[PDB]
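Below you'll find the structure, written out as structure tokens, and then a few comments.
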Ligand SMILES: [Ba+2]
């Protein structure tokens, strides 16, 4: 019951990722992004951030978007407020300010028993995407899916891996999870 | 006018005081309407060698100045360094200490740095363990921070 605890580890050296998972086959010249712990969302190293310097040069809107996604706010006004050395301050807000409580957030949904669970059996990715977009105003980014193909027996290594924007003919499974961008809290 | 000078009669004198008789926080400093004063931004550590701030306050307390012409002095910097330094400063009237850091903006707003007459940026930190172009980081950063700050008219 202690092997089902979801934990994420931060590594100083990216070559130690070989020691995290036992069922995988190690290899000395494999990149970090291709290992099994990274493909499952368990390990993270700052080295993968070294590529953020080049993209910000080639695309000037990338850093703004990534900060908006992974920070949940932090407008330049808040940076100015924090720059005064008095620390975070505030209280009861005017209704005009409280209009900032409706921005979209990243969430995870399941195809098990929800209103859109009918796509778990025999459903395809495109149908689920268009249905969610039209009905609930939800945009789907990708899938988070069990590693073992025989999910009926659910092999002891109950690990999942991530697929980014699968094609329109991708077949779905009842045990798959979907990354979504939800709105209106 | 019961004015107390030195034995030589060339400097203003006050009886010895403990440090806490002059220590202040931001609320107390902002309560006192400091204006036309002198602000000493001291970038000192706890074990840094002494500068001798007496030599900076001694000329400002000469006896040829009327007591109402004396310019108040406020020192913003480390506190342990000021514990060490206070032994030579306790006899100068109209002197205040605000513990903290000069790079913080709340201190500079409390001190009323926009109404002052002079802001002296001094650094007591040890010198020349690194590149010679990186020995005045604190002074340049403080000068730019004070220049870029904006107050209310
Ligand atoms: Ba291994």
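Residue numbers (the authors' numbering), protein chains in the order written: chain B, 882 to 1066; chain A, 704 to 856. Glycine included, every Cβ here is placed at the ideal spot set by N, Cα and C.
Ordered list of alpha helix (DSSP H) runs contained in the stretch 725 to 756 of chain A, each at least 4 residues
Complete alpha helix (DSSP H) runs here, min 4: 729 to 734.
When DSSP labels each residue in this structure, what does residue 917/B get in the three-state scheme?
It is helical.
Nearest to residue 897/B by alpha carbon, out of 904/B, 888/B, 1051/B, 908/B?
908/B
By the criterion of Cβ-Cβ separation under 7 Å, what are the contact partners of residue 967/B in chain A?
809
Distance, residue 973/B Cα to residue 967/B Cα
18 Å
Reduced DSSP category for residue 715/A - H, G, I as helix; E, B as strand; rest coil
The three-state reading of DSSP puts residue 715/A in strand, counting E and B together.
For residue 902/B, verify whether its CB is less than 7 Å away from any heavy atom of ligand 1.
Yes.
Answer yes or no: the CB of residue 908/B versus the heavy atoms of ligand 1, is any distance below 7 Å?
no
With residue 1045/B as the anchor, note down where its alpha helix (DSSP H) starts and where it stops.
Residue 1045/B -> not in any alpha helix (DSSP H); beta strand (DSSP E) instead, spanning 1041 to 1045.
Under 7 Å: does the beta carbon of residue 899/B sit that close to some heavy atom of ligand 3?
This structure lacks ligand 3; its bound ligands are ligand 1.
Any chance the stretch 1045 to 1052 of chain B sits against the stretch 760 to 771 of chain A, with 3 or more Cβ pairs inside 8 Å?
no
Let me know if residue 1021/B comes out buried or exposed under the rule of 16 or more other beta-carbons within 10 Å of its beta-carbon.
So residue 1021/B counts as buried.
Look up residue 985/B in the DSSP assignment and give the residues it is bridged to.
Under DSSP, no beta-bridge partner is assigned to residue 985/B.
As a quick exercise: from 798/A, 738/A, 736/A, pick the residue whose alpha carbon is nearest that of residue 717/A.
798/A
Should residue 776/A go down as buried or exposed, given a rule of 16 or more other Cβ atoms within 10 Å for buried?
buried
Rounded to the nearest angstrom, what separates residue 1023/B and residue 848/A at their Cα positions?
Taking the straight line joining both Cα atoms gives about 46 Å.
Could you round the C-beta distance between residue 1053/B and residue 1004/B to whole angstroms and report it? I think they count as a contact, below 8 Å.
4 Å
Member of 960/B, 939/B, 976/B, 1041/B whose CA lies at the smallest distance from the CA of residue 969/B
960/B
Please list the segments of the beta strand (DSSP E) lying wholly inside the stretch 781 to 854 of chain A, counting only runs of 3 or more residues, in order along the chain.
Listed in chain order, the complete beta strand (DSSP E) runs (minimum 3 residues) inside the stretch 781 to 854 of chain A are 798 to 802, 821 to 826.
Jot down the residue ranges of each uninterrupted alpha helix (DSSP H) in the stretch 903 to 954 of chain B, minimum 4 residues, whole runs only, in chain order.
Positions of the alpha helix (DSSP H) runs, each at least 4 residues long and wholly inside the stretch 903 to 954 of chain B, are given as 917 to 920, 933 to 939, 943 to 952 in order along the chain.
Would you report the Cα separation of residue 833/A and residue 1019/B, rounded to the nearest angstrom?
Cα atoms of residue 833/A and residue 1019/B: separation of roughly 55 Å, rounded to the nearest angstrom.
Buried versus exposed call for residue 938/B [16 or more other C-beta atoms within 10 Å across all chains shown]:
Residue 938/B comes out exposed.
C-beta atoms of residue 745/A and residue 781/A nearer than 8 Å
Contact flag set, yes.
So is the beta-carbon of residue 905/B under 7 Å away from any non-hydrogen atom of ligand 1?
yes
From the DSSP output, which residues share a beta bridge with residue 993/B?
According to DSSP, residue 993/B bridges with nothing at all.
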